[PDB]
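Taking the form deposited without the named molecule, here's one chain by itself in structure tokens.
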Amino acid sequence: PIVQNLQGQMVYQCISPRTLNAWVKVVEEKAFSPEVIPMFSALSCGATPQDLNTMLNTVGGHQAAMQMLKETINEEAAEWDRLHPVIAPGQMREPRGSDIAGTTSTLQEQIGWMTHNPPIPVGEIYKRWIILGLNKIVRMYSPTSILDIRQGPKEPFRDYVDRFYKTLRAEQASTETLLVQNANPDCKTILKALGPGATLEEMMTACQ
């Protein structure tokens, strides 16, 4: 990644083994649970396109997902080339979609773009494409419809609400009415009596 060293200027540093291991392990443990995406974004802070490709390529499993991600990246790269069409000796060339994705650009070129004044943030642009692709995978691999999250007869309301919003997160909605409808008979009666405008805190307190 590009890091502001202990002095000032922005400079390339190798990806740390701790970062590499952290990413490999979170994918192994969590697969494509929604929270893996913010972890990816955090672990790839300041990443060049080369670094982003390193992180994606170190994943051993989930090759269906990684092929789907490649398709999303290729679509975004094509849309870049449509909107931003393009060798002077010693001068910086303009990046194409495949340069942003790191397949046809060098690390030196990537650093050159990212540290230019003004900066051409190829790492951040590529990361956006990757996260777009990862979100699609999270949605596809979401096991259950929100319609099928219903509170059990002996299920604590808190545990039901956890399942409900876990599912909504994976299905990726932009809500409280379905939460009441899918509650068990006893909780539903309590929640109906609260009326409109009740906060989640108030609902959870009422059913505790």
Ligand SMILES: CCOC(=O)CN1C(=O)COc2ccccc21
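Each residue number is its position in the shown sequence, starting from 1.
The form solved in complex with the named molecule exists for this protein as well; it is not shown, and the discussion that follows is about that form.
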item: Of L56, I149, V27, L43, the one that lies within 4.5 Å of the named molecule in the deposited bound form (heavy atoms); value: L56
item: Contact residue in the deposited bound form, from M66, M140, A31, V180 (heavy atom within 4.5 Å of the named molecule); value: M66
item: All of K70, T103 and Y126 within 4.5 Å of the named molecule in the deposited bound form, heavy atom check; value: yes
item: Residue contact check: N74 to the named molecule in the deposited bound form, 4.5 Å heavy atom; value: yes
